*Asks:* 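Mind looking over this structure? Questions follow.
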Amino acid sequence: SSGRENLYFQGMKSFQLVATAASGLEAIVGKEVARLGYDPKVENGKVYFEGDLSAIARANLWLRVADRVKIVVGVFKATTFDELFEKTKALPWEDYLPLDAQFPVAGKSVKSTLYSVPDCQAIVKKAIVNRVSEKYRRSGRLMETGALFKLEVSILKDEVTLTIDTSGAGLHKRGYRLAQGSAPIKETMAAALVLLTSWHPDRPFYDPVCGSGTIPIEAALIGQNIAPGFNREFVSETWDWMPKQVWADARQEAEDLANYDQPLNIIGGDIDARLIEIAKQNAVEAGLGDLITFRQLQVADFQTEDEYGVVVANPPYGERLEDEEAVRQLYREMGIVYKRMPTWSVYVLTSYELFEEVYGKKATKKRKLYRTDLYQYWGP
């Protein structure tokens, strides 16, 4: 993180990395990449940075708002498949892919002469096989049986970016919600919401419509400076050219930087007792024991003597009449309750158009996200 180490100690090998992100969340990912001591270049849905083996480990462990961390193998222009072929085979694929690499190729194409994704997939695969076959001298040992190097060819305005996935499962899958679907807020979005607030763990936190507990869990992990990826694995741990010691060092660092003694006052409320039991279990799996206070709690029944807290909510919103009426009632009740809490700040992520009207006051700030809006009521 100092950024000052001689590059010799990481094998004299530097990588062009990228941390992908939802559109509109890249600035936050940039700040997280800077936090790790790297130099971010923020673009639409992508934060590029240079790094070594340790950067791969540390970014996978630590980024909370990124979708995945990839290696950028190369970037060039191509308007014919023969040009895509040659420029792809010119890259040093053998530096990344061992004899037994498994290397499937995914594709994306937008506003490009080369429009056919299946043809781009085919030609990139052709070229990579050509390259490794040449550089391993047509070894009979070349076979796709071992570690996984998921490749992507992405073409935008005739510019080709070739990447290798270092993460495996998307980073939103921290491990604490497995086998529970994706109806709730995406974990990366939940972390983004908390990071867009003023909240610090010295202050109370409340998610009044918490469901299975994602927002409180992400807040707790921020509050104790716990790496989001601490309890999961990454595909790049299986790559023979990345030493296990790099990952062991990154994980020891993550343990050392955590603040497990930071007290937390975090309440998650939901009307569904079964989802509250699920939330408690998810928090145990996240390594948070019973630090979070999950309650079966209707919005209208919340009372506190605590001051200077932060409410953060993202109520599930179905756009049909019954579901919309239930959320209107929720927003109205929130407004009534939080009026009694003038020292608190309130953040509500919703696509319900009449939120401000129903809550009863206009927001301090309205941040547009992906279409949903983050309504922010800044407190003292």
Side-chain angles (χ1 to χ4, degrees), residues 20-25 28 45 64-68 167-197 205-222 228-229 231-232 266-288 292-299 311-331 333-334 346-355 358 367-370 372-375:
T20 61
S23 185
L25 303 182
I28 291 168
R64 301 173 196 277
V65 182
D67 298 329
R68 61 182 68 250
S167 301
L171 297 177
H172 76 100
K173 299 180 172 73
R174 280 77 157 106
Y176 65 74
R177 274 239 280 95
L178 301 160
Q180 277 169 237
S182 58
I185 191 173
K186 200 174 191 186
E187 296 88 327
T188 44
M189 179 70 257
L193 292 188
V194 177
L195 291 171
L196 287 170
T197 78
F205 190 101
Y206 178 32
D207 178 350
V209 188
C210 71
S212 67
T214 303
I215 293 171
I217 292 171
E218 293 292 320
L221 300 170
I222 287 157
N231 305 121
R232 63 159 282 180
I266 303 174
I267 295 169
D270 203 84
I271 67 166
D272 192 333
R274 297 180 180 282
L275 289 179
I276 289 298
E277 287 315 299
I278 290 169
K280 288 177 185 168
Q281 293 160 15
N282 289 352
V284 167
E285 190 65 23
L288 295 166
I292 298 164
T293 302
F294 288 111
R295 300 186 180 152
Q296 187 178 209
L297 176 60
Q298 304 216 270
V299 164
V311 174
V312 181
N314 177 40
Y317 172 36
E319 204 156 313
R320 297 169 314 118
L321 195 74
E322 172 193 14
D323 290 337
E324 193 153 274
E325 171 66 8
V327 111
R328 185 193 68 72
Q329 291 191 211
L330 211 151
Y331 293 141
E333 290 162 343
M334 281 184 212
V346 179
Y347 294 79
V348 181
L349 183 70
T350 192
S351 60
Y352 183 70
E353 303 215 302
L354 286 177
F355 169 78
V358 172
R367 163 72 169 274
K368 295 196 148 199
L369 294 167
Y370 311 97
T372 184
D373 301 298
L374 181 56
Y375 296 90

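Residues take their numbers from the sequence shown, with the count starting at 1. Every heavy atom of this structure was used, including side-chain atoms; hydrogens, water molecules and symmetry mates were not.
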*Asks:* In Å and rounded to the nearest 0.5 Å, what is the OG1 to CG distance from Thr197 to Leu374?
*Replies:* 9.0 Å
*Asks:* What is the distance from atom NZ of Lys280 to atom CG of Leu288, rounded to the nearest 0.5 Å?
*Replies:* 15.0 Å
*Asks:* With rounding to the nearest 0.5 Å, note down the distance linking CD in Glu218 to CD1 in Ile185.
*Replies:* 9.0 Å
*Asks:* Are the side chains of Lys186 and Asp67 in touch, meaning some heavy atoms are under 4.5 Å apart?
*Replies:* yes
*Asks:* Does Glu324 have any salt bridge (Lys or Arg N to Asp or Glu O under 4.0 Å) partners at least two apart in sequence or in another chain, and if so, which?
*Replies:* none
*Asks:* Any salt bridge linking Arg274 with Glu277? Criterion: basic side-chain nitrogen under 4.0 Å from a carboxylate oxygen.
*Replies:* no
*Asks:* When you measure from the side chain of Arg232 to the backbone N and O of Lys173, does any donor-acceptor pair fall under 3.5 Å?
*Replies:* yes
*Asks:* With rounding to the nearest 0.5 angstrom, report the CG to CD distance, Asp272 to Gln296.
*Replies:* 7.5 Å
*Asks:* Would you check if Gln180 and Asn282 make a side-chain contact, meaning some heavy-atom pair closer than 4.5 Å?
*Replies:* yes
*Asks:* So do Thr372 and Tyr317 actually touch side chain to side chain, heavy atoms under 4.5 Å?
*Replies:* no
*Asks:* Nearest 0.5 Å please: distance from the CD atom of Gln281 over to the OG atom of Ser212.
*Replies:* 11.0 Å
*Asks:* Among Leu330, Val327, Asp373, find the one that has a side-chain contact (heavy atoms from CB on, under 4.5 Å) with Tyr352.
*Replies:* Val327
*Asks:* Looking at side-chain heavy atoms only, is the closest gap between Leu354 and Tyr331 below 4.5 Å?
*Replies:* no
*Asks:* Hey, are the side chains of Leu369 and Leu193 touching, using non-hydrogen atoms and a 4.5 Å cut-off?
*Replies:* yes
*Asks:* Could you work out, with salt bridge (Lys or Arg N to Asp or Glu O under 4.0 Å) as the rule, every residue matching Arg177, not counting sequence neighbours?
*Replies:* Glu187
*Asks:* Counting only heavy atoms not in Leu195, do more than 12 sit closer than 6.0 Å to its CG atom?
*Replies:* yes
*Asks:* If you define the side chain from C-beta out and look only at heavy atoms, does anything of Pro315 sit under 4.5 Å from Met334?
*Replies:* yes
*Asks:* Check this for me: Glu325, atom CD, are more than 12 non-hydrogen atoms of other residues, nucleotides or ligands nearer than 6.0 Å?
*Replies:* yes
*Asks:* Assess whether atom CD of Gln298 is packed by more than 12 heavy atoms of other residues, nucleotides or ligands within 6.0 Å.
*Replies:* no
*Asks:* Can any side-chain N or O of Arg68 pair as donor or acceptor with the backbone N or O of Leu171 at less than 3.5 Å?
*Replies:* no
*Asks:* Flag the pair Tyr176 / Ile217 as yes when at least one side-chain heavy-atom distance between them is below 4.5 Å, and no otherwise.
*Replies:* yes
*Asks:* Are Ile266 and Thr293 side-chain neighbours, meaning at least one heavy-atom pair lies under 4.5 Å?
*Replies:* no
*Asks:* Where is the tightest heavy-atom contact between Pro216 and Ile292, given as atom of each residue plus distance?
*Replies:* O-CD1, 3.5 Å
